[PDB]
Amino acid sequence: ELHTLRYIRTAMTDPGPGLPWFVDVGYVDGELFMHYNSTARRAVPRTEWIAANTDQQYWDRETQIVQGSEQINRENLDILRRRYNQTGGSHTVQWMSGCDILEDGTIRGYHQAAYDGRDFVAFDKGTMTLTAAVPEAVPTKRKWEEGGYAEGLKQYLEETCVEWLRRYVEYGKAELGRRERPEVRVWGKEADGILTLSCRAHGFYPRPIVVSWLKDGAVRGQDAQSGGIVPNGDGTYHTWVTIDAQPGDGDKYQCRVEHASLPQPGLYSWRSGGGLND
């Protein structure tokens, strides 16, 4: 029952060649659904469930508000450069916004910004004031206290953003809840007296996966090295887990895959071989 919503903005000075300077991406439970770039200047749907449940009037309003923030983030790059006394080069203004509906029923809303990687400003819900991390972020709080932008942000993070997220889950009930079985491949490579056993999982949904190596039916978590969960072009995920072993012991090793699509943890061997062993 844990549902997440995130709208990530990026304002860049150096994109560089043939790339957009302003990029705004929207997410529902990790899955991409909203996209915006400074070149196209339009808010377009990425997945099928949003376009089927929303009209053009929705996307027309979604374009103008991000187009307005694009102009605000354009001047923000110049205001922040003068505070640090910088002529120009590579400077980035990042933004994080959205709500997290917990399994119990508690609402958690976030709204924060960062300059050149390091934290700049963050909004506090239990105080209704903007928190400044760096000494250069002090004039930002003075601007927020003058206009009173915190009041409009409070009603958004507590109601507007929450009400829409509840609908997004209902709209993509079939896509987000669907499980995808991964194609497992077990490999091995000999270098200098050591055999490097590799295990790859191809195309799986959702993102959480536990891929661990076994020796004689016993887990070797320390000896196994993982590359992390990497995403594919179609929306699916990939994972790479490697282990070092002595030559003539490769067949004694087994790859364990724990996924939502599988009822029990799938055990795969090199000579078996891999996912095609049924």
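All residue numbers are counted from 1 along the displayed sequence. Definition used throughout: the rigid core is the maximal C-alpha set that superposes within 1.5 Å between two forms.
The segment moving more, judged by mean Cα distance from this form in 5 other deposited structures of this protein after a core overlay, is 141 to 149 among 109 to 117 and 141 to 149. Between stretches 100 to 108 and 196 to 204, greater average Cα displacement in 5 other deposited structures of this protein relative to the shown form, fitted by the core, falls on 100 to 108. Comparing 146 to 154 with 194 to 202, the stretch with the higher mean C-alpha B-factor in the PDB entry is 146 to 154.
When the mean C-alpha temperature factors of 165 to 173 and 75 to 83 are read from the deposited coordinates, 75 to 83 comes out higher. Among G126, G188, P208, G98, the highest C-alpha B-factor recorded in the PDB entry belongs to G126. The maximum CA B-factor among the listed residues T140, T106, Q112, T92, taken from the PDB record, is found at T106.
Per-chain ranking of the deposited C-alpha B factor places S269 in the middle third. Annotation for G235: C-alpha temperature factor in the middle third relative to the rest of the modelled chain, per the entry.
When the CA B factors of the chain's modelled residues are split into thirds, the value for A245 lands in the middle one. Among the modelled residues of its chain, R61 has a C-alpha B-factor that falls in the middle third, as given in the PDB entry. Residue-level temperature factors show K215 in the highest third of its chain, judged at the C-alpha atom.
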